[PDB]
């Protein structure tokens, strides 16, 4: 798989614009939108996977280093353009690293926040996969 989504960009004298439509340029319906900013420290994040949740990650400013693990393949990608999406399907583990100081990271979700949809142990993540594989 290739989980990158290159969004259609509009350009003019004024700037750039990108539009994201649920079930249009993204495979799911948007129920939530969240973002990280004014970041500090050197601790990364993510380190989990969901069971039902489908999301798309967008680095609206600065850049961030993201790693994805479908259980089969691990893909490291550096997000440094707002016209690039990252699709994090269900059962896909993820981590965000190297956040720029000026970074703004945005996530689009298929569902509302649910602490219970978070698999926080890689090992378990892996286990879960197998079972799926079965």
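Residue numbers count along the first chain shown, from 1.
Comparing 39-47 with 52-60, the stretch with the higher mean C-alpha B-factor in the PDB entry is 39-47.
According to the PDB record, 64-72 carries the higher mean C-alpha B-factor of the two stretches 30-38 and 64-72.
Sorting the modelled residues of the chain by their CA temperature factor places residue 11 in the highest third. Split the chain's modelled residues into thirds by C-alpha temperature factor. Residue 108 is in the middle one. Sort the modelled residues of the chain by CA B factor and residue 115 lands in the lowest third. Placement of the Cα temperature factor of residue 79 within the chain: highest third of the modelled residues, per the deposited record. Among the modelled residues of the chain, residue 98 sits in the lowest third by CA temperature factor in this PDB entry.
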